[PDB]
Structure formats: structure tokens, C-alpha cells
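So the structure is just underneath, and the comments pick up after that.
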Number of protein chains: 2
Amino acid sequence: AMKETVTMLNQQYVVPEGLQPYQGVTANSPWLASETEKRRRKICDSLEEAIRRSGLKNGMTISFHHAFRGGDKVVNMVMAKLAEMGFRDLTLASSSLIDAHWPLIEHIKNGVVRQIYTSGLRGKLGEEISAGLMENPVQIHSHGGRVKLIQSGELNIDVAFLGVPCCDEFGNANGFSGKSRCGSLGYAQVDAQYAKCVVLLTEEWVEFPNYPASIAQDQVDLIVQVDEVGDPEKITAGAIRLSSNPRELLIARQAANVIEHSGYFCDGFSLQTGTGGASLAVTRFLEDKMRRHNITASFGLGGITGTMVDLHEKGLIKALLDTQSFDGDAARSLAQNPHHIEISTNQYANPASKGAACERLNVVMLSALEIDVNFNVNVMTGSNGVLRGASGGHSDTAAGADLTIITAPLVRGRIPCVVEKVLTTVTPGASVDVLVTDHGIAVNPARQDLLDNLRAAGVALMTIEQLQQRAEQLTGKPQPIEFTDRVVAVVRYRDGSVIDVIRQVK
Amino acid sequence: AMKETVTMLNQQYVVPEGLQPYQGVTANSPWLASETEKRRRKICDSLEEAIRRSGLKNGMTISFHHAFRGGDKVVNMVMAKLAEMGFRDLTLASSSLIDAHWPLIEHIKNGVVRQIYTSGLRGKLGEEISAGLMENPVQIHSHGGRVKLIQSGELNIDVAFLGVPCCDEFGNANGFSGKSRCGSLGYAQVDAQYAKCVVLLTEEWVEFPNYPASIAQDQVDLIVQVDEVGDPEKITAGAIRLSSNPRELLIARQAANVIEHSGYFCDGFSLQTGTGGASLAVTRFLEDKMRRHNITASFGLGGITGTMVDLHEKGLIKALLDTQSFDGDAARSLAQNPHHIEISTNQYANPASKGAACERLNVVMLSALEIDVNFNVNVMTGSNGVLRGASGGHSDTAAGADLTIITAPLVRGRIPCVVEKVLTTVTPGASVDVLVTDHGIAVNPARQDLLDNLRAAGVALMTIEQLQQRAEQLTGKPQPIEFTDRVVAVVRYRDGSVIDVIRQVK
């Protein structure tokens with residue numbers, strides 16, 4: 001009907017290339033021909049069907065998110081199927097690997113996976129990577145560094161496998177209903193937007209439209225119902241209380257004093273606190289100083305904890321921003337409280353982001369496995385050189401925040417935390433402002449402002465060299481670990497550049 | 001420092017290409033060198049500054065959204081500035097043009113704009129285009145058609161000029177505070193995701209973080225404060241009450257009976273009603289029918305009006321999905337009601353969307369300038385053939401819905417609505433199911449299911465030929481109008497194909 005007039009348009013007018021004439025309502029939308037198909041096209045009756053429909057092939061990149069924490073079931077469940085279907089040479093871009101992912105070892109041995117990109121490696125899998133399980137070095141990235149690698153085209157995800165506790169038929173999902181109610185799906189939101197194919201694995205179906213749509217319908221290709229995506233009763237349990245380890249309460253009291261006299265403890269300040277140890281417990285002492293002064297916080301950032309929810313509920317922190325809820329109290333507050341807000345990892349920590357909330361932070365509390373006399377921080381490798389930790393958002397929040405505090409005891413048993421040179425640099429010292437330990441406080445000399453402020457308030461300080469010599473005094477000189485020349489992991493700084501390598505341990 | 005070892009990685013291992021060694025925390029994030037800048041980098045002190053920083057050149061594509069309706073001030077405001085700065089050959093990709101955009105005529109003559117992409121063209125600007133104002137034919141797209149054009153890469157927005165009533169310094173904007181509280185920002189959300197550079201023109205600053213973030217901080221490059229983006233008094237005004245016209249009420253009653261007996265009027269049906277006339281007033285007779293049966297709808301869709309809001313608060317509609325609020329009542333409901341949900345156009349009507357909600361519609365009420373005996377529908381050109389109309393989501397909801405109902409009086413003064421052949425096909429007859437007029441109902445003969453159901457329920461019917469002849473009896477035979485051979489606009493069907501052209505009127 002229209003064939004001749006399109007020809008003419010192309011010949012006589014300035015028009016867009018490739019104009020074709022109309023040929024029916026369903027020509028490019030065949031599912032519209034059927035009123036069941038257009039509603040139900042995404043449903044998959046089995047995980048195996050999802051994988052076939054997903055178009056996955058040998059050599060491709062696949063992904064997962066880690067909000068199910070230690071009780072994740074999705075990585076292993078999907079890996080097993082891909083192994084049974086005979087997939088080879090895959091790239092595995094889980095945002096993080098926990099020790100319940102030890103079954104990956106056999107998959108790597110059988111050639112199912114040839115490349116790993118991750119922000120965490122622990123348990124038996126870290127041990128095996130350090131012994132030399134793979135020819136290809138693991139690429140280790142910060143949480144925000146992951147997003148940047150994806151956007152840059154280096155890490156291209158072909159199929160995302162995203163576990164969710166509830167979903168509708170169209171793919172609107174969240175973490176507030178179902179069994180494994182994890183809360184924030186902020187890690188999943190990155191894959192939801194950039195993966196070529198997004199497969200949701202849901203525990204429960206929900207009436208369209210599902211609200212909130214943490215993951216939305218226009219992001220989702222395939223959906224399958226499974227039994228469990230995490231550990232329902234562990235994931236929904238409430239916050240564990242602050243530690244009663246008096247050495248950590250000492251560290252946290254000290255760190256609250258640093259904040260108080262830092263120059264940043266004013267009305268409207270923003271903070272990120274940690275999930276355990278002193279870096280969590282600091283909140284107890286801050287709450288007191290905030291009530292003492294007549295001040296409140298503009299926002300709390302991170303993976304939110306119940307203790308931080310608690311301060312929001314008393315009016316002390318005006319809003320919470322949540323890329324991952326760390327307990328079921330946080331998760332339930334994200335669902336119920338309107339200023340407890342879910343954000344993606346792009347809005348959190350990406351150095352290439354147009355808007356990363358971490359760059360608006362006044363204070364962050366970070367931990368450390370080791371810190372050296374250059375204030376360089378190790379969070380990846382144990383004292384024996386073996387991969388045991390997570391790069392995570394450590395270097396992202398440190399870079400972004402105005403004031404970055406490392407809380408670590410001087411010594412852990414026979415192992416010193418302050419050392420001459422850390423085994424692996426994850427977070428550069430140029431990013432670390434204060435070290436707070438149980439044997440004193442050391443300020444980075446690059447921060448003359450802080451030195452002055454803390455000196456003038458009568459906070460007793462030391463040099464990091466003094467803290468180091470004291471650590472060596474209490475633990476002796478530690479004999480170095482036996483490495484081979486073999487590179488086992490590449491530590492990519494958040495901007496994508498390389499900051500260190502991890503070698504194989506004899 | 002690391003240069004030596006990265007070399008050794010490139011040569012001895014299988015690693016990603018182009019690995020560079022770490023060189024500082026702010027190497028690729030210079031704004032981090034200033035604690036004030038990492039919060040404020042995006043703020044512009046004027047519109048000129050925002051246009052400078054945006055990197056806009058001649059021959060580039062710019063965009064605007066149309067949520068401020070007839071009261072829009074952004075297009076004129078920005079256009080004035082661009083012309084005053086000497087920009088040439090721009091592509092204008094506003095989602096719809098209203099009659100207050102007549103200042104665009106001078107800009108086109110002076111060559112500020114050389115190409116238009118739009119869904120609507122009305123008022124003086126439509127008249128001038130039809131008279132042959134421009135060498136290049138305007139591209140007319142549906143609401144979802146636009147998204148697909150942007151996704152296909154045919155329409156590439158270089159800079160998006162997005163008016164908002166309020167936002168924080170980081171770019172989190174919504175339509176619920178400030179003055180021009182338009183409500184849903186569904187159309188802007190597509191520009192926000194897809195434009196190379198996104199400029200927000202806000203009228204009010206709010207404290208970080210603005211919740212909800214209809215436009216999110218990781219989508220915004222630049223922000224400037226302006227006096228007004230819309231017409232505050234009119235934008236925020238409540239819903240205009242239903243028709244008092246008994247003709248329209250007659251059409252509404254009959255459309256409600258067609259729906260009742262179609263086979264689609266079941267518990268949990270979805271619907272989209274209109275913004276006026278019978279297509280609005282149908283709700284009034286649907287409500288009583290719904291209450292009569294124990295029926296409630298699963299969701300309403302569209303640009304929501306307050307009458308739809310009202311049925312939701314009554315619990316007769318369980319969810320509302322809102323790509324554009326039409327009254328200040330809908331706007332205010334979007335803000336306060338958790339299940340009055342804001343969605344984007346991609347979620348609404350993109351044919352190439354992974355999940356477009358109009359595709360889950362049982363029933364859609366639409367309207368018509370004309371409709372012919374093939375049920376093809378014209379909503380772009382008036383009876384004199386002049387551009388005075390809008391494509392909109394007309395062809396989108398029609399194509400996705402199970403049942404599409406057109407409501408129009410048989411005759412408008414001297415002008416028949418039912419004709420042999422429409423001047424312009426916008427929506428194809430194959431997606432048009434039923435026509436309801438003040439002279440009777442006619443069902444597309446392609447819908448044998450509909451015919452059987454409406455007959456069995458004793459609904460009196462007519463052929464569309466019976467109505468066409470009756471309208472020709474009431475209006476005489478019309479003087480076929482003097483088009484020239486010049487093509488003035490191209491009608492793009494939602495899939496990007498060309499369904500019709502519009503010729504210059506003599």
C-alpha cells in the first residue's frame with residue numbers, strides 16, 4: 001500500500017535513513033497476536049528453560065548479586081545447571097563470592113569457568129585461588145569499580161541471574177515480600193540495566209503491578225520460580241547488638257572523639273558506619289554527642305544496619321540511603337519508612353557515576369586487616385598471604401568521603417595490624433585520614449588541617465611509625481610469606497587502573 | 001611504581017586489554033580535590049552557562065518533555081537563549097508541542113531549528129508547517145514510538161532540557177514540590193536515561209536527598225534554577241468535573257454497556273480511560289456496574305485524572321500507573337498514595353520495551369477527529385487537512401489493548417466523524433475494535449468474538465457503513481480539499497515504519 005511513497009520520500013526529501021512502509025500491528029510485535037502471550041511470554045517453567053531461552057553460549061559472561069549474603073543459593077544452583085548442560089569457558093561476574101560458594105572449585109577444575117571478576121573472595125575458594133586453581137588471574141574490583149568496568153565495555157554481561165524473593169509476571173521485583181526478604185536490591189539494579197539478558201529467579205509470584213519495582217518490567221527478559229534464593233530465617237532476623245568487646249568500645253569511643261573534634265561534626269553532617277566491630281559501635285557514642293550538642297545528620301549511607309535505622313527513627317539521621325540492607329530490621333525499615341531509600345551501586349560508589357552519594361560523605365568508618373606506615377590498607381589477604389576478604393566499597397567510600405577513619409586493634413593475637421608494608425594494597429593511604437587503635441591515634445601527615453584541629457582540642461596523637469614499632473614489640477618481626485612469581489589476582493583500583501597484584505602462596 | 005609489573009601482566013598472562021597502573025585517587029576524578037565541588041560541580045549560575053558546559057554545537061539534537069501541558073515555559077525559554085547565542089541546524093525532539101510554542105516559527109525561519117520530531121503539533125505552529133514552513137518533513141511518532149526511535153539510534157539526544165519544579169544539588173528531581181507541581185515525570189525519564197547530556201531546569205532547590213527521585217542523581221549532568229517551568233496556578237488546579245452534555249453522556253452509557261458485555265468485564269480487569277468527553281465520562285457508568293457485580297479492576301493506566309484517582313481511593317482500582325498526571329488531584333495522589341505509581345514511557349508504550357503496560361490492558365477508551373469504514377483513525381489533521389492534533393499513545397494503547405473502543409459523536413457541526421476514508425491514518429483499523437456514537441455502535445467485523453458476545457447480550461448494533469452513510473446524510477458530500485504534492489510531515493507507526501504522510505494544504 002505504502003511502498004511507492006517511501007521510495008519517493010527517500011528521493012525528494014531530507015529524511016532518516018532506512019524508512020520502511022507499515023505492514024501490520026504485529027509485524028515487529030508478534031506476541032500481540034495473542035492475549036496470553038503478551039502477558040506471559042517471560043515465564044519459564046524451569047531454570048533449564050530460562051538458560052536455553054537466554055541464548056547463553058560457551059565463552060560468555062554471566063552474573064549474580066550478593067544480597068543474600070552467606071545464605072545465597074543462586075550462584076550454586078545456577079552453576080550446577082550450567083555444569084550439567086556442559087557449558088565451558090564462562091566468565092563469572094558475581095558482584096561477590098562468599099565461602100558457601102566453595103562448589104565453584106570443582107566447576108573451575110572442570111573448565112566450566114575460566115575467568116572471575118569479583119569484589120570478594122573467601123572460604124575454601126580463596127584458599128584454592130591462592131594455591132593456584134586457575135591460569136587466568138582473578139580481576140578484583142571495588143563495588144563501584146564493577147559498575148565502571150561494565151559501562152566501559154570491559155566487563156560485558158550476556159546473562160544476569162538475579163535472585164529475588166517476589167516478582168510479578170512482567171518482572172517487577174523487590175526484596176520486601178516472599179521468603180528471603182533481603183531488602184535493598186541495589187547491586188542487582190546495575191545488572192538489571194546493563195546485562196544483555198536479565199533472568200529473575202523468584203521465590204514467589206505477586207499480582208501485577210508489584211510495588212516497589214526495585215527491579216522493573218522493562219529491564220527483565222525471563223523469570224523462573226525457585227524454592228529459595230537465600231536463607232529465609234537468617235536473612236530476616238534482626239540486627240545483632242553492638243559488641244561488648246571492651247577493646248572495640250575503646251576504639252569506638254576514641255573514634256567518636258576524633259569525629260567530634262574533626263571539624264565535620266556539625267548539624268547536617270553525613271556518615272557511613274560499618275557492620276561490625278568498632279566501626280559499628282561508634283554509633284553508640286555519636287548518638288550521645290549528637291544529643292549533647294543539639295545536632296542531627298542529613299543522611300546515613302551504605303549497607304544500612306538496624307542500629308542506623310534506630311537513629312533514623314529517633315530523628316537523629318534525616319534520611320537513609322541503602323544499597324544493601326545488612327539485617328532484617330534494616331530491610332523492614334526500607335519497606336516501611338519513606339526516607340529509608342533504596343539506591344543502586346551506581347548512585348552509591350561508581351567513580352564514573354554522574355552522582356555517587358559516597359562523594360557527599362562527611363565521615364566513613366572502615367576496618368582493616370593490615371595498615372602500613374604509608375596508611376595503605378589491606379582488606380584482601382590474610383596474614384598468611386591467602387585471599388580471605390573483600391575489596392568491597394572500602395576504597396570507594398574512602399576516596400569519596402571528607403574524613404576517612406580506620407578502626408583496628410593494634411594486634412590480633414600474635415599478628416600485628418599496623419605493619420611496615422602491607423601484603424596487598426586495596427585502599428591507597430592518600431585516601432586514609434585517621435587510624436584509631438586501642439594503643440593510640442595516628443593522623444595522616446598529608447592532613448595538616450586534622451592534625452591542627454585534633455591537637456587544639458587536646459586529643460593525644462601518635463605517629464603511625466610509633467604504632468608500628470609498638471606492634472612489632474608485641475608480636476616480634478613477622479617472617480614473610482613464601483610467594484611464587486605466579487600472579488593469582490589483579491587488584492583493580494576503582495578507576496579501573498591496577499593498584500596491586502596478589503601472588504600464589506607456597 | 002606499577003608500570004613495570006603491568007607490562008609483565010600484559011606479556012605473561014591472559015588479562016583484559018589496556019591495563020594501566022594506578023596513578024592517584026583524583027587522576028580520573030578531579031572534583032574530589034575539592035570537598036565543596038564534589039557536592040556542587042553540577043550547579044550552573046545561568047542558562048548560558050549550562051548551554052556552554054553542555055558542549056552543544058550546531059546540528060545537534062535537543063529535547064524537552066511536555067508534562068507542563070499548555071503552560072510550558074521551558075521550550076520557549078531555551079529556544080530564545082539558543083537563537084540569541086547563534087545556534088543553527090538543531091534537531092528539536094520535544095515529546096509534544098502545544099500551541100504556546102508558536103515562537104518556534106520565527107526560530108525555524110531564522111534557521112535555529114531544521115528538523116522536528118514530535119507526537120503533537122497544534123495551534124499556529126501546526127498551521128505554518130501545513131503551509132510549508134520547513135523544507136524537512138516533521139517526523140510524527142507515537143509516545144512509545146519516540147522511545148524506540150531513541151533506542152534504535154535514529155533519534156540521538158545530545159542535550160536534554162528538562163524542566164522540573166524542585167530538585168536537590170545532585171539532580172534528584174520530582175514533580176511534587178516547587179510551584180509547577182505537574183506530578184508524574186514519565187516522559188522526562190526516557191530523556192534522562194538516553195540523552196548524552198542531561199540539563200535540569202529547576203525552580204526550587206531542596207535538601208539532599210530529594211525523595212522520590214523521578215529523575216535520579218546518576219542521570220543528571222547540569223542544573224540551573226529558573227523562575228517558572230510551567231503555569232503553577234493552572235497545573236496544580238484540581239480535576240475538571242464530568243460532562244453535562246447529554247450526547248456525550250449517551251455515548252458514555254453505551255460504551256459502558258459494550259465493556260460490560262464484551263467478555264472482558266471480570267474481576268481484575270485493567271483499563272485506561274480518557275481525559276474528557278465520553279472517554280472520561282464512561283467511568284461514571286463503569287463504577288456503578290463494578291459495584292453491581294463484585295468487580296474491582298487490577299489497575300488503571302495512563303495519564304491519570306482525578307476521577308481515576310477517586311476510584312482508586314474507593315478501592316475499585318487497586319493500582320494506578322501514571323506516565324503523566326492530568327490534574328493537580330492526580331499529581332497530589334501520585335505523591336501520597338503508595339499504589340498510585342509513577343512509570344516511564346518505556347514502561348508505558350514502547351513496542352520494543354521489555355515490558356510496556358499498555359500490553360496488559362483489557363480496555364482502552366480513545367477518541368477521534370475522524371474514523372473511516374476500515375476503522376482507521378485520524379487524530380493528527382482536522383477537516384481542512386491542517387496539522388492540529390497529536391499521535392500520543394493512541395496507536396500504542398490501541399495496539400496493546402485487548403479491546404479498543406472509539407467514542408465520538410457521529411457529526412461535529414457540519415463535519416462528519418465517520419467517513420469513507422480519513423485524511424491521515426494514525427491508528428490502523430486492525431487495532432480498533434468498537435466505535436460508539438450518538439447514533440449507535442459498530443464493531444470491527446474482524447472481531448467475531450465481540451459480535452457474538454454483544455449480540456447474545458442484546459446490544460443493538462450497526463455496520464460502520466450504516467453510520468458513514470447516516471453521517472453523509474447529515475453533512476452532505478464534503479468538498480475534497482486542495483493538498484499540493486509537497487510532503488509536510490511523515491506519520492511513523494509505533495514500530496518506526498511509515499503508516500502515512502501529511503501533504504501541504506493549499
Side-chain angles (χ1 to χ4, degrees), chain A residues 117-119 137-155 346 348-354 356 358-359 361 364 366 368 370-381 390-404 406 420-433 435 444-448 464 487-503, chain B residues 1-13 15-35 37-38 41:
Chain A
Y117 276 75
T118 192
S119 95
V138 175
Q139 295 299 311
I140 287 166
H141 51 58
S142 64
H143 282 338
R146 185 182 193 255
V147 191
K148 169 166 192 160
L149 299 184
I150 290 171
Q151 295 173 344
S152 81
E154 173 186 339
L155 184 58
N346 201 39
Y348 174 52
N350 182 10
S353 179
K354 283 172 200 200
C358 84
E359 302 187 354
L361 239 36
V364 65
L366 300 170
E370 291 186 305
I371 183 163
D372 69 29
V373 292
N374 301 287
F375 284 84
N376 286 334
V377 180
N378 192 6
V379 280
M380 262 316 317
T381 52
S391 171
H394 199 272
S395 70
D396 296 318
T397 58
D402 298 336
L403 174 67
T404 296
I406 306 290
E420 187 109 72
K421 205 212 169 193
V422 298
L423 302 174
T424 321
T425 307
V426 177
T427 296
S431 284
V432 178
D433 306 309
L435 173 62
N444 200 324
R447 290 305 295 267
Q448 192 63 62
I464 204 177
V487 167
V488 123
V490 183
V491 182
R492 308 283 297 277
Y493 185 65
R494 74 194 303 246
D495 64 8
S497 74
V498 6
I499 189 161
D500 217 350
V501 299
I502 300 152
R503 290 178 161 87
Chain B
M2 271 281 118
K3 314 156 214 172
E4 326 77 28
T5 137
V6 179
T7 303
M8 175 271 290
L9 274 172
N10 291 352
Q11 297 207 281
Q12 296 184 62
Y13 301 88
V15 282
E17 72 154 337
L19 293 173
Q20 287 189 57
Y22 171 81
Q23 57 204 13
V25 170
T26 75
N28 302 155
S29 288
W31 52 92
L32 290 175
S34 159
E35 74 181 54
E37 172 144 79
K38 69 191 183 181
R41 53 190 188 88

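A note on names: the letters A, B, ... follow the listed sequences, proteins ahead of strands, and every chain is numbered from 1. Just so you know, these numbers use all the heavy atoms, side chains as well, and skip hydrogens, waters and symmetry mates.
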How many angstroms lie between CG in B:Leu32 and OG1 in B:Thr26, if you round to the nearest 0.5 Å? 7.0 Å
side-chain contact (heavy atoms from CB on, under 4.5 Å) with A:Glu154: which residues, sequence neighbours excluded? A:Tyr117, A:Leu149, A:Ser152, A:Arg492, B:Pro16
I'd like to check the side chain to side chain donor-acceptor pair (under 3.5 Å) partners of A:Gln448; sequence neighbours left out, ordered by chain and number. A:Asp452
If the condition is salt bridge (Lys or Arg N to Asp or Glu O under 4.0 Å), which residues does A:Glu359 pass it with, not counting sequence neighbours? A:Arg494
Residues in side-chain contact (heavy atoms from CB on, under 4.5 Å) contact with A:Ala352, at least two apart in sequence or another chain: A:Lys148, A:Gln151, A:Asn350
Distance col, row B:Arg41:CZ vs A:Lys354:NZ, nearest 0.5 angstrom, shows 10.0 Å
By side chain to side chain donor-acceptor pair (under 3.5 Å) - contacts of A:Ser497 (at least two apart): A:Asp495
Starting at CG of A:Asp396, measure out to OG1 of A:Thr427 and round the result to the nearest 0.5 Å. 8.0 Å
Under the salt bridge (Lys or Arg N to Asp or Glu O under 4.0 Å) rule, what pairs show up with a residue in residues 1-11 of chain B, not counting sequence neighbours? none
Which value, rounded to the nearest 0.5 Å, describes the distance between A:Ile371 atom CD1 and A:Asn378 atom CG? 10.5 Å
Applying salt bridge (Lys or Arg N to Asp or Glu O under 4.0 Å), can you list everything that pairs with A:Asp402, at least two apart in sequence or on another chain? B:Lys38, B:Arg39
Between the CE atom in B:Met2 and the CG atom in B:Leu9, the distance rounded to the nearest 0.5 Å is 9.0 Å
More than 12 heavy atoms of other residues, nucleotides or ligands under 6.0 Å from CD of B:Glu37: is that the case? yes
Who are the ring-ring contact (aromatic ring centres under 6.0 Å, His included) partners of A:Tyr493, not counting sequence neighbours? B:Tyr22
A:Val379: what forms a side-chain contact (heavy atoms from CB on, under 4.5 Å) with it, not counting sequence neighbours? A:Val377, A:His394, A:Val426
Just verifying a value: how many Å separate A:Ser395 OG and A:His143 NE2, rounded to the nearest 0.5 Å? 10.0 Å
Sequence neighbours excluded, which residues qualify as side chain to side chain donor-acceptor pair (under 3.5 Å) partners of A:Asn444? none
Hits for salt bridge (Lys or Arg N to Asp or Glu O under 4.0 Å) against A:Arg447, two or more places apart or cross-chain, chain-then-number order -> A:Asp433, A:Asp449
With sequence neighbours excluded, what pairs up with B:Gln23 under the side chain to side chain donor-acceptor pair (under 3.5 Å) test? none
Tell me whether A:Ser119 contacts the main-chain N or O of A:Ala390 through its side chain, where contact means a donor paired with an acceptor under 3.5 Å. no
